[PDB]
>>> print(open('data-v7.txt').read())   # compact mmCIF, C-alpha atoms
# COMPACT_ATOMS: atom_id res chain seq x y z
CA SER Z 1 -47.40 -72.24 -27.29
CA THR Z 2 -45.39 -74.88 -25.47
CA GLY Z 3 -42.40 -77.13 -26.11
CA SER Z 4 -41.33 -80.45 -24.62
CA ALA Z 5 -38.04 -82.21 -25.31
CA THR Z 6 -36.27 -85.19 -23.84
CA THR Z 7 -32.83 -84.60 -22.44
CA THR Z 8 -30.37 -87.50 -22.25
CA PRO Z 9 -27.17 -88.05 -20.26
CA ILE Z 10 -24.09 -88.02 -22.49
CA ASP Z 11 -22.46 -90.83 -20.54
CA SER Z 12 -22.85 -93.29 -17.69
CA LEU Z 13 -21.92 -90.65 -15.10
CA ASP Z 14 -24.45 -87.98 -16.16
CA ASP Z 15 -21.52 -85.65 -16.83
CA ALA Z 16 -23.91 -83.58 -18.91
CA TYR Z 17 -27.19 -83.80 -20.77
CA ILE Z 18 -28.03 -83.28 -24.43
CA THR Z 19 -31.30 -82.22 -25.92
CA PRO Z 20 -32.14 -82.35 -29.64
CA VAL Z 21 -32.65 -78.94 -31.23
CA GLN Z 22 -33.87 -78.25 -34.77
CA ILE Z 23 -31.98 -75.44 -36.52
CA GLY Z 24 -32.67 -74.05 -39.95
CA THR Z 25 -34.77 -74.93 -42.96
CA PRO Z 26 -34.82 -77.83 -43.67
CA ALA Z 27 -34.21 -78.72 -40.05
CA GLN Z 28 -30.70 -79.58 -38.99
CA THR Z 29 -30.91 -81.43 -35.70
CA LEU Z 30 -28.09 -80.87 -33.23
CA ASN Z 31 -27.78 -82.21 -29.71
CA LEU Z 32 -27.23 -79.26 -27.47
CA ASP Z 33 -26.29 -78.86 -23.84
CA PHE Z 34 -29.05 -76.78 -22.24
CA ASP Z 35 -27.20 -74.56 -19.83
CA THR Z 36 -29.04 -72.41 -17.27
CA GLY Z 37 -25.62 -71.03 -16.30
CA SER Z 38 -24.94 -69.25 -19.63
CA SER Z 39 -26.79 -67.33 -22.30
CA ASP Z 40 -25.30 -68.18 -25.65
CA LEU Z 41 -26.75 -70.62 -28.14
CA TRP Z 42 -23.71 -71.82 -30.06
CA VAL Z 43 -23.03 -74.73 -32.33
CA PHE Z 44 -20.35 -76.68 -34.07
CA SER Z 45 -20.65 -75.62 -37.66
CA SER Z 46 -19.31 -75.73 -41.19
CA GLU Z 47 -17.13 -72.81 -40.07
CA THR Z 48 -15.45 -74.61 -37.18
CA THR Z 49 -11.73 -75.23 -37.65
CA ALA Z 50 -11.69 -78.72 -39.18
CA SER Z 51 -9.04 -80.07 -36.79
CA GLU Z 52 -11.29 -79.07 -33.86
CA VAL Z 53 -14.28 -81.11 -35.06
CA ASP Z 54 -14.23 -84.81 -34.11
CA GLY Z 55 -17.56 -86.53 -34.43
CA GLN Z 56 -19.92 -83.67 -33.63
CA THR Z 57 -22.87 -82.87 -35.81
CA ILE Z 58 -22.41 -79.49 -37.44
CA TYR Z 59 -24.74 -76.71 -38.45
CA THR Z 60 -24.22 -75.62 -42.05
CA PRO Z 61 -25.88 -72.22 -42.49
CA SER Z 62 -25.47 -72.26 -46.28
CA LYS Z 63 -27.84 -75.26 -46.44
CA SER Z 64 -30.52 -73.40 -44.50
CA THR Z 65 -32.86 -71.20 -46.52
CA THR Z 66 -33.80 -69.19 -43.42
CA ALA Z 67 -30.24 -68.58 -42.19
CA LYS Z 68 -29.01 -64.99 -42.36
CA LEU Z 69 -25.58 -63.75 -41.37
CA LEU Z 70 -25.88 -61.25 -38.56
CA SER Z 71 -23.48 -58.79 -40.07
CA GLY Z 72 -20.56 -57.74 -37.95
CA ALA Z 73 -21.52 -59.89 -34.95
CA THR Z 74 -19.01 -62.06 -33.15
CA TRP Z 75 -19.03 -63.99 -29.92
CA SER Z 76 -16.54 -65.46 -27.52
CA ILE Z 77 -17.23 -67.31 -24.30
CA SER Z 78 -15.40 -69.13 -21.50
CA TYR Z 79 -16.91 -71.52 -18.99
CA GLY Z 80 -16.09 -72.41 -15.40
CA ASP Z 81 -14.21 -75.56 -16.41
CA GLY Z 82 -11.90 -73.36 -18.48
CA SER Z 83 -13.34 -74.45 -21.83
CA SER Z 84 -14.15 -71.89 -24.51
CA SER Z 85 -15.41 -71.18 -27.99
CA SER Z 86 -15.88 -68.25 -30.35
CA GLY Z 87 -17.13 -67.38 -33.80
CA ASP Z 88 -19.68 -65.37 -35.77
CA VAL Z 89 -23.47 -65.27 -35.72
CA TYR Z 90 -26.44 -66.18 -37.86
CA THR Z 91 -30.12 -65.75 -37.22
CA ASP Z 92 -32.27 -68.74 -38.09
CA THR Z 93 -35.30 -70.76 -37.06
CA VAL Z 94 -34.76 -72.83 -33.96
CA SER Z 95 -37.24 -75.32 -32.55
CA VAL Z 96 -37.10 -77.23 -29.27
CA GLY Z 97 -39.62 -79.98 -28.69
CA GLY Z 98 -42.22 -78.40 -30.98
CA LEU Z 99 -41.63 -74.83 -29.84
CA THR Z 100 -40.34 -72.58 -32.61
CA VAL Z 101 -38.46 -69.29 -32.49
CA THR Z 102 -37.76 -67.41 -35.68
CA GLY Z 103 -34.77 -65.06 -35.87
CA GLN Z 104 -32.89 -66.78 -33.06
CA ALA Z 105 -29.24 -65.86 -32.84
CA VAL Z 106 -27.34 -69.03 -33.67
CA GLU Z 107 -23.72 -68.51 -32.79
CA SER Z 108 -21.49 -70.38 -35.19
CA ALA Z 109 -18.23 -71.66 -33.75
CA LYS Z 110 -15.05 -70.86 -35.66
CA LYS Z 111 -12.96 -72.09 -32.74
CA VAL Z 112 -13.63 -74.44 -29.85
CA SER Z 113 -11.28 -75.54 -27.08
CA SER Z 114 -10.00 -79.07 -26.76
CA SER Z 115 -12.63 -80.20 -24.23
CA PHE Z 116 -15.38 -79.51 -26.75
CA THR Z 117 -13.49 -81.21 -29.59
CA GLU Z 118 -12.84 -84.23 -27.35
CA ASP Z 119 -16.55 -84.55 -26.52
CA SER Z 120 -18.22 -86.00 -29.60
CA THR Z 121 -21.65 -86.05 -27.95
CA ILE Z 122 -22.16 -82.30 -27.49
CA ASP Z 123 -22.83 -80.32 -30.68
CA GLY Z 124 -23.13 -77.01 -28.85
CA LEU Z 125 -24.81 -75.19 -25.98
CA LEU Z 126 -28.21 -73.59 -25.56
CA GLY Z 127 -28.04 -70.94 -22.87
CA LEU Z 128 -30.96 -70.43 -20.51
CA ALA Z 129 -29.52 -67.89 -18.07
CA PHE Z 130 -30.46 -64.23 -18.50
CA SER Z 131 -29.76 -62.52 -21.80
CA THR Z 132 -27.61 -59.93 -20.04
CA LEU Z 133 -24.82 -62.56 -20.07
CA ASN Z 134 -25.02 -63.11 -23.81
CA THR Z 135 -21.57 -62.54 -25.34
CA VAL Z 136 -22.53 -61.40 -28.84
CA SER Z 137 -20.86 -58.15 -29.82
CA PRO Z 138 -21.51 -55.39 -30.71
CA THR Z 139 -25.24 -56.17 -30.38
CA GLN Z 140 -26.12 -58.47 -27.51
CA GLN Z 141 -28.58 -61.20 -28.43
CA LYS Z 142 -31.48 -62.82 -26.60
CA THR Z 143 -31.67 -66.42 -25.41
CA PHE Z 144 -34.04 -68.92 -26.93
CA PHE Z 145 -36.23 -68.65 -23.83
CA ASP Z 146 -36.28 -64.86 -23.95
CA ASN Z 147 -37.29 -64.94 -27.60
CA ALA Z 148 -39.98 -67.52 -26.93
CA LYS Z 149 -41.36 -66.07 -23.67
CA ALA Z 150 -44.12 -63.88 -25.05
CA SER Z 151 -45.47 -66.76 -27.15
CA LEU Z 152 -45.47 -69.26 -24.28
CA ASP Z 153 -48.66 -70.21 -22.46
CA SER Z 154 -46.77 -69.38 -19.26
CA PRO Z 155 -43.37 -67.63 -19.14
CA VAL Z 156 -41.56 -70.62 -17.65
CA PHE Z 157 -39.38 -73.53 -18.48
CA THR Z 158 -38.78 -76.58 -16.32
CA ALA Z 159 -35.82 -78.89 -15.89
CA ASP Z 160 -36.47 -82.50 -15.01
CA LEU Z 161 -33.09 -84.19 -15.19
CA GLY Z 162 -32.81 -87.93 -14.81
CA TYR Z 163 -30.39 -89.91 -12.69
CA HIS Z 164 -28.68 -92.24 -15.14
CA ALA Z 165 -31.75 -91.84 -17.32
CA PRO Z 166 -33.48 -89.46 -19.70
CA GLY Z 167 -35.41 -86.47 -18.47
CA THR Z 168 -37.33 -83.53 -19.81
CA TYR Z 169 -37.10 -79.84 -20.56
CA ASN Z 170 -40.52 -78.21 -20.88
CA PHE Z 171 -41.23 -74.71 -22.10
CA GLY Z 172 -44.34 -72.76 -21.33
CA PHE Z 173 -46.08 -75.13 -18.91
CA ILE Z 174 -45.71 -77.02 -15.69
CA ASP Z 175 -46.33 -80.76 -15.95
CA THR Z 176 -48.17 -81.48 -12.72
CA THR Z 177 -47.65 -85.24 -13.23
CA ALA Z 178 -43.88 -84.82 -13.17
CA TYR Z 179 -43.39 -84.16 -9.45
CA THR Z 180 -44.69 -85.16 -6.05
CA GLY Z 181 -46.06 -82.89 -3.38
CA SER Z 182 -45.93 -79.15 -3.98
CA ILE Z 183 -43.55 -76.82 -5.77
CA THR Z 184 -41.77 -74.45 -3.37
CA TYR Z 185 -40.85 -71.15 -4.96
CA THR Z 186 -37.93 -69.06 -3.83
CA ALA Z 187 -36.58 -65.63 -4.76
CA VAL Z 188 -34.11 -65.05 -7.57
CA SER Z 189 -31.47 -62.40 -8.02
CA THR Z 190 -30.68 -61.66 -11.66
CA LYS Z 191 -27.93 -59.15 -10.71
CA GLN Z 192 -25.18 -61.53 -11.92
CA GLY Z 193 -27.24 -62.79 -14.86
CA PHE Z 194 -27.79 -66.19 -13.23
CA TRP Z 195 -30.71 -68.03 -11.70
CA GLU Z 196 -29.29 -67.08 -8.34
CA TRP Z 197 -31.13 -68.05 -5.17
CA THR Z 198 -30.60 -68.76 -1.49
CA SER Z 199 -30.92 -72.24 -0.06
CA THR Z 200 -32.09 -72.32 3.53
CA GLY Z 201 -29.64 -74.99 4.67
CA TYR Z 202 -28.61 -78.62 4.52
CA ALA Z 203 -28.44 -82.02 6.17
CA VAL Z 204 -26.04 -84.91 5.74
CA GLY Z 205 -27.66 -88.33 5.61
CA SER Z 206 -30.05 -88.76 8.53
CA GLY Z 207 -28.43 -85.89 10.41
CA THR Z 208 -30.21 -82.83 11.69
CA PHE Z 209 -30.91 -79.95 9.34
CA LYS Z 210 -28.55 -77.00 9.62
CA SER Z 211 -30.34 -73.75 8.96
CA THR Z 212 -27.95 -71.50 7.11
CA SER Z 213 -28.27 -69.30 4.01
CA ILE Z 214 -26.36 -70.60 1.00
CA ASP Z 215 -26.42 -68.25 -2.02
CA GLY Z 216 -25.90 -70.12 -5.29
CA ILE Z 217 -26.99 -70.62 -8.88
CA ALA Z 218 -29.20 -73.22 -10.45
CA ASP Z 219 -26.87 -74.35 -13.22
CA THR Z 220 -27.80 -77.25 -15.52
CA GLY Z 221 -24.44 -76.82 -17.32
CA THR Z 222 -22.42 -77.75 -14.25
CA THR Z 223 -22.18 -81.43 -13.39
CA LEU Z 224 -21.57 -81.35 -9.67
CA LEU Z 225 -22.76 -79.60 -6.54
CA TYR Z 226 -20.32 -76.88 -5.41
CA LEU Z 227 -20.89 -75.60 -1.89
CA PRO Z 228 -18.95 -73.85 0.86
CA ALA Z 229 -15.96 -75.74 2.24
CA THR Z 230 -17.58 -76.06 5.69
CA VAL Z 231 -20.62 -77.81 4.21
CA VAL Z 232 -18.59 -80.06 1.95
CA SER Z 233 -16.27 -81.06 4.80
CA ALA Z 234 -19.28 -81.89 6.96
CA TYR Z 235 -20.58 -84.15 4.17
CA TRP Z 236 -17.36 -86.05 3.42
CA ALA Z 237 -16.55 -86.49 7.11
CA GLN Z 238 -19.39 -89.02 7.09
CA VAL Z 239 -17.66 -91.16 4.46
CA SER Z 240 -14.92 -93.40 5.83
CA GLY Z 241 -11.70 -92.81 3.94
CA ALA Z 242 -12.84 -89.71 2.07
CA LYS Z 243 -10.30 -86.97 1.63
CA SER Z 244 -9.66 -83.84 -0.38
CA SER Z 245 -6.94 -84.51 -2.94
CA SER Z 246 -5.15 -81.56 -4.51
CA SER Z 247 -3.58 -83.93 -7.06
CA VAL Z 248 -6.99 -85.17 -8.20
CA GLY Z 249 -8.67 -81.78 -7.73
CA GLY Z 250 -11.32 -82.42 -5.10
CA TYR Z 251 -12.80 -84.87 -2.65
CA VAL Z 252 -12.28 -88.53 -3.43
CA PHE Z 253 -13.61 -91.50 -1.55
CA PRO Z 254 -13.22 -95.28 -1.53
CA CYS Z 255 -15.29 -96.75 -4.33
CA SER Z 256 -16.37 -99.38 -1.76
CA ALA Z 257 -18.27 -96.74 0.22
CA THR Z 258 -21.99 -96.37 0.52
CA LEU Z 259 -22.55 -92.62 0.32
CA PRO Z 260 -24.97 -90.76 2.59
CA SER Z 261 -27.70 -88.60 1.13
CA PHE Z 262 -27.48 -84.83 1.08
CA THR Z 263 -30.46 -82.59 1.74
CA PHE Z 264 -30.75 -78.94 0.73
CA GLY Z 265 -33.37 -76.46 1.83
CA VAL Z 266 -35.75 -74.57 -0.41
CA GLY Z 267 -37.61 -72.30 1.94
CA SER Z 268 -39.26 -74.63 4.43
CA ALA Z 269 -39.09 -77.53 1.93
CA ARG Z 270 -36.33 -80.10 1.52
CA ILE Z 271 -34.79 -81.74 -1.52
CA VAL Z 272 -32.97 -85.02 -0.86
CA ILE Z 273 -30.07 -86.01 -3.09
CA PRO Z 274 -29.62 -89.76 -2.73
CA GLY Z 275 -26.09 -90.88 -1.94
CA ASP Z 276 -25.78 -92.73 -5.26
CA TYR Z 277 -26.16 -89.40 -7.09
CA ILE Z 278 -22.94 -88.22 -5.42
CA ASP Z 279 -20.79 -91.05 -6.87
CA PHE Z 280 -18.90 -90.04 -10.03
CA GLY Z 281 -16.88 -93.19 -10.28
CA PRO Z 282 -13.20 -94.04 -10.42
CA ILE Z 283 -10.86 -91.07 -10.76
CA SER Z 284 -9.15 -93.05 -13.50
CA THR Z 285 -10.09 -96.28 -15.20
CA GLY Z 286 -9.68 -99.19 -12.82
CA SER Z 287 -9.01 -97.06 -9.77
CA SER Z 288 -10.63 -97.84 -6.45
CA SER Z 289 -10.61 -94.14 -5.60
CA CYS Z 290 -13.90 -92.51 -6.64
CA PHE Z 291 -14.63 -88.87 -7.34
CA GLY Z 292 -17.16 -87.07 -5.19
CA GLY Z 293 -20.20 -85.30 -6.60
CA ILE Z 294 -20.18 -82.66 -3.87
CA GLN Z 295 -17.18 -80.36 -4.04
CA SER Z 296 -15.96 -77.13 -2.51
CA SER Z 297 -16.90 -73.86 -4.20
CA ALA Z 298 -13.93 -72.14 -2.53
CA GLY Z 299 -11.97 -70.42 -5.27
CA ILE Z 300 -14.92 -70.54 -7.70
CA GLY Z 301 -16.39 -67.42 -6.16
CA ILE Z 302 -19.92 -68.78 -6.23
CA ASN Z 303 -21.89 -71.80 -5.04
CA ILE Z 304 -23.33 -73.94 -7.82
CA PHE Z 305 -26.42 -76.11 -7.68
CA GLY Z 306 -25.39 -78.26 -10.58
CA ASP Z 307 -26.91 -81.39 -12.03
CA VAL Z 308 -26.16 -83.45 -8.91
CA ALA Z 309 -28.59 -81.24 -7.03
CA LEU Z 310 -31.02 -80.33 -9.79
CA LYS Z 311 -31.59 -83.92 -10.95
CA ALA Z 312 -33.03 -84.69 -7.47
CA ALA Z 313 -35.78 -82.16 -8.18
CA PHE Z 314 -38.37 -80.93 -10.60
CA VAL Z 315 -37.17 -77.38 -11.17
CA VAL Z 316 -39.22 -74.43 -12.40
CA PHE Z 317 -37.38 -71.56 -13.98
CA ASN Z 318 -40.03 -68.86 -13.76
CA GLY Z 319 -39.29 -66.00 -16.16
CA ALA Z 320 -42.14 -63.78 -15.09
CA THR Z 321 -41.39 -60.06 -14.73
CA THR Z 322 -39.96 -60.90 -11.32
CA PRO Z 323 -38.23 -64.22 -11.91
CA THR Z 324 -38.38 -66.99 -9.30
CA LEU Z 325 -37.23 -70.60 -8.96
CA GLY Z 326 -39.41 -73.49 -7.93
CA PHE Z 327 -38.34 -76.86 -6.60
CA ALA Z 328 -40.37 -80.00 -6.09
CA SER Z 329 -39.45 -83.52 -5.07
CA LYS Z 330 -40.19 -86.17 -7.71
>>> encode(input="data-v7.txt", output="structure tokens")
Amino acid sequence: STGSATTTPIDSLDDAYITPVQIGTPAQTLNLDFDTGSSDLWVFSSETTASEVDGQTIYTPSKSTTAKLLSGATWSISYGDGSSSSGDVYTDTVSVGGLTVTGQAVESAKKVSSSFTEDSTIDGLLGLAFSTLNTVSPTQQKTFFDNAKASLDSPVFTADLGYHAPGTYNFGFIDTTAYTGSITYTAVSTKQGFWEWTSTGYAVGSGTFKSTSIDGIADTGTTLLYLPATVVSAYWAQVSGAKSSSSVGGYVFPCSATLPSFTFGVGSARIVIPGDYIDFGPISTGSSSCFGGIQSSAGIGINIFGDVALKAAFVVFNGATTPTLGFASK
């Protein structure tokens, strides 16, 4: 089997992407944030504290004839931006772009933190990291991809995120019309539960390529590109007026700037992030100070190839027995 679903930016900055997901019988369609940095499929629901729901579409298990309470199971998760949610668990039928999993753990939110409440466009998350990170207790649950893998034509999914435009998540096949040139595959460590890999270096604009190993994760749930402070400093030094602001919480730059591109290495191959991808707009409405899309990972504890990087590529998440990551230009 295969699945193919369009994923759509939630706002004009590509702060995140939502993908429609069918849950239950009859289908309840929720717009979920496909997150290769986590491993829980959770949703706003009929069980979510009413004051914490503001415009999201909710899953109502009692209206689904295939929903079953997973007795005793609870979940609780926190993300790198400090947001969180928790609740109990159902199993139900979940379909993405024509691909159907029965008995998928659907984690029903009883509580969500303010950032989720305040974001009316995201109805929940669909985790695509490794199932070892799944937070369900006392019986850990599998991700949608893990549950689907054996049924897929090929044990892969691909992320094709758009810049200020829709893109595609495919399951079970590689769309050879969706990228240019060749796909370069690179090794993955699953030891931390992430799609963790090692970039072979970087360049800033038209500058020479610096060969250096950068360990990081391919994380569709993170907006920006988080890299070592040395790298990030080298990038922003090429932007007149750019500075790191502790008050704002990262590098800012004059909105009047034309940003240089940023290249990252995948083996011998190169992915070029156009400068425009690195502009995340005024720090506050009407400001002429703009927030940078490349930020320091110092104090995160890990480098993160977030959407800023991934949307410049066609990315293969290969879930074969020995997982690997593939990147192509597009």
>>> atom_distance(input="data-v7.txt", atom1="atom CA of residue Z:267", atom2="atom CA of residue Z:315")
14.1 Å
>>> atom_distance(input="data-v7.txt", atom1="atom CA of residue Z:181", atom2="atom CA of residue Z:128")
26.0 Å
>>> closest_atom_pairs(input="data-v7.txt", of="stretch 11-70 of chain Z", to="stretch 153-159 of chain Z", cutoff="12 Å", atoms="all atoms listed in the file", output="JSON lines")
{"residue": "Z:17", "atom": "CA", "partner": "Z:159", "partner_atom": "CA", "distance": 11.1}
{"residue": "Z:19", "atom": "CA", "partner": "Z:159", "partner_atom": "CA", "distance": 11.5}
{"residue": "Z:34", "atom": "CA", "partner": "Z:159", "partner_atom": "CA", "distance": 9.5}
{"residue": "Z:35", "atom": "CA", "partner": "Z:159", "partner_atom": "CA", "distance": 10.4}
{"residue": "Z:36", "atom": "CA", "partner": "Z:159", "partner_atom": "CA", "distance": 9.5}
>>> closest_residue(input="data-v7.txt", among="Z:80, Z:207, Z:72, Z:124", to="residue Z:45", atoms="all atoms listed in the file")
Z:124
>>> atom_distance(input="data-v7.txt", atom1="atom CA of residue Z:179", atom2="atom CA of residue Z:164")
17.7 Å
>>> closest_residue(input="data-v7.txt", among="Z:317, Z:173, Z:163, Z:262", to="residue Z:217", atoms="all atoms listed in the file")
Z:317
>>> closest_residue(input="data-v7.txt", among="Z:308, Z:67, Z:105, Z:255", to="residue Z:277", atoms="only C-alpha atoms")
Z:308
>>> residues_around(input="data-v7.txt", residues="stretch 92-102 of chain Z", least_positions_apart="5", cutoff="9 Å", atoms="only C-alpha atoms", output="MDAnalysis selection string")
chainID Z and resid 1:6 19:25 27 61 64:69 144:145 147:148 152 169:171
>>> closest_residue(input="data-v7.txt", among="Z:74, Z:108, Z:206, Z:318", to="residue Z:172", atoms="only C-alpha atoms")
Z:318
>>> closest_atom_pairs(input="data-v7.txt", of="stretch 88-139 of chain Z", to="stretch 187-201 of chain Z", cutoff="8 Å", atoms="only C-alpha atoms", output="JSON lines")
{"residue": "Z:129", "atom": "CA", "partner": "Z:194", "partner_atom": "CA", "distance": 5.4}
{"residue": "Z:130", "atom": "CA", "partner": "Z:193", "partner_atom": "CA", "distance": 5.1}
{"residue": "Z:131", "atom": "CA", "partner": "Z:193", "partner_atom": "CA", "distance": 7.4}
{"residue": "Z:132", "atom": "CA", "partner": "Z:193", "partner_atom": "CA", "distance": 5.9}
{"residue": "Z:133", "atom": "CA", "partner": "Z:193", "partner_atom": "CA", "distance": 5.7}
>>> closest_residue(input="data-v7.txt", among="Z:322, Z:38, Z:223, Z:288", to="residue Z:306", atoms="only C-alpha atoms")
Z:223
>>> residues_near_point(input="data-v7.txt", point="(-13.1, -95.8, -3.1)", cutoff="6 Å", atoms="only C-alpha atoms", output="PyMOL selection string")
chain Z and resi 253-256+288-290
>>> closest_residue(input="data-v7.txt", among="Z:180, Z:284, Z:113, Z:83", to="residue Z:327", atoms="all atoms listed in the file")
Z:180
>>> residues_around(input="data-v7.txt", residues="residue Z:123", least_positions_apart="3", cutoff="9 Å", atoms="only C-alpha atoms", output="PyMOL selection string")
chain Z and resi 18+30-33+42-45+55-59+116+119-120
>>> decode(input="data-v7.txt", residues="stretch 42-56 of chain Z", atoms="N, CA and C atoms", output="PDB file, in the first residue's frame")
ATOM      1  N   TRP Z  42      -1.257  12.536  18.899  1.00  0.00           N
ATOM      2  CA  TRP Z  42      -2.241  13.047  19.846  1.00  0.00           C
ATOM      3  C   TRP Z  42      -3.096  14.137  19.225  1.00  0.00           C
ATOM      4  N   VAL Z  43      -4.300  14.243  19.766  1.00  0.00           N
ATOM      5  CA  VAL Z  43      -5.318  15.106  19.215  1.00  0.00           C
ATOM      6  C   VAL Z  43      -6.083  15.845  20.295  1.00  0.00           C
ATOM      7  N   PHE Z  44      -6.469  17.066  19.953  1.00  0.00           N
ATOM      8  CA  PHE Z  44      -7.559  17.752  20.629  1.00  0.00           C
ATOM      9  C   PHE Z  44      -8.769  16.844  20.563  1.00  0.00           C
ATOM     10  N   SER Z  45      -9.546  16.807  21.634  1.00  0.00           N
ATOM     11  CA  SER Z  45     -10.632  15.865  21.677  1.00  0.00           C
ATOM     12  C   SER Z  45     -11.788  16.396  22.494  1.00  0.00           C
ATOM     13  N   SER Z  46     -12.833  15.589  22.558  1.00  0.00           N
ATOM     14  CA  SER Z  46     -13.996  15.857  23.393  1.00  0.00           C
ATOM     15  C   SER Z  46     -13.649  15.830  24.877  1.00  0.00           C
ATOM     16  N   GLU Z  47     -12.458  15.333  25.192  1.00  0.00           N
ATOM     17  CA  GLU Z  47     -11.981  15.203  26.566  1.00  0.00           C
ATOM     18  C   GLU Z  47     -11.094  16.352  26.996  1.00  0.00           C
ATOM     19  N   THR Z  48     -10.694  17.184  26.041  1.00  0.00           N
ATOM     20  CA  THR Z  48      -9.799  18.295  26.340  1.00  0.00           C
ATOM     21  C   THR Z  48     -10.531  19.342  27.162  1.00  0.00           C
ATOM     22  N   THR Z  49      -9.920  19.736  28.278  1.00  0.00           N
ATOM     23  CA  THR Z  49     -10.398  20.860  29.078  1.00  0.00           C
ATOM     24  C   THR Z  49     -10.968  21.963  28.183  1.00  0.00           C
ATOM     25  N   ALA Z  50     -12.252  22.269  28.360  1.00  0.00           N
ATOM     26  CA  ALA Z  50     -12.963  23.168  27.455  1.00  0.00           C
ATOM     27  C   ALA Z  50     -12.268  24.524  27.292  1.00  0.00           C
ATOM     28  N   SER Z  51     -11.782  25.088  28.398  1.00  0.00           N
ATOM     29  CA  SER Z  51     -11.095  26.377  28.363  1.00  0.00           C
ATOM     30  C   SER Z  51      -9.776  26.352  27.581  1.00  0.00           C
ATOM     31  N   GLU Z  52      -9.296  25.155  27.244  1.00  0.00           N
ATOM     32  CA  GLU Z  52      -8.026  25.013  26.529  1.00  0.00           C
ATOM     33  C   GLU Z  52      -8.242  24.690  25.052  1.00  0.00           C
ATOM     34  N   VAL Z  53      -9.501  24.676  24.628  1.00  0.00           N
ATOM     35  CA  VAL Z  53      -9.845  24.502  23.221  1.00  0.00           C
ATOM     36  C   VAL Z  53     -10.342  25.838  22.694  1.00  0.00           C
ATOM     37  N   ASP Z  54      -9.728  26.315  21.617  1.00  0.00           N
ATOM     38  CA  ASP Z  54     -10.123  27.592  21.008  1.00  0.00           C
ATOM     39  C   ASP Z  54      -9.966  27.519  19.501  1.00  0.00           C
ATOM     40  N   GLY Z  55     -10.936  26.885  18.864  1.00  0.00           N
ATOM     41  CA  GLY Z  55     -11.006  26.854  17.420  1.00  0.00           C
ATOM     42  C   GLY Z  55     -10.507  25.586  16.769  1.00  0.00           C
ATOM     43  N   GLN Z  56      -9.853  24.712  17.536  1.00  0.00           N
ATOM     44  CA  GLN Z  56      -9.365  23.468  16.964  1.00  0.00           C
ATOM     45  C   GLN Z  56     -10.525  22.534  16.693  1.00  0.00           C
TER      46      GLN Z  56
END
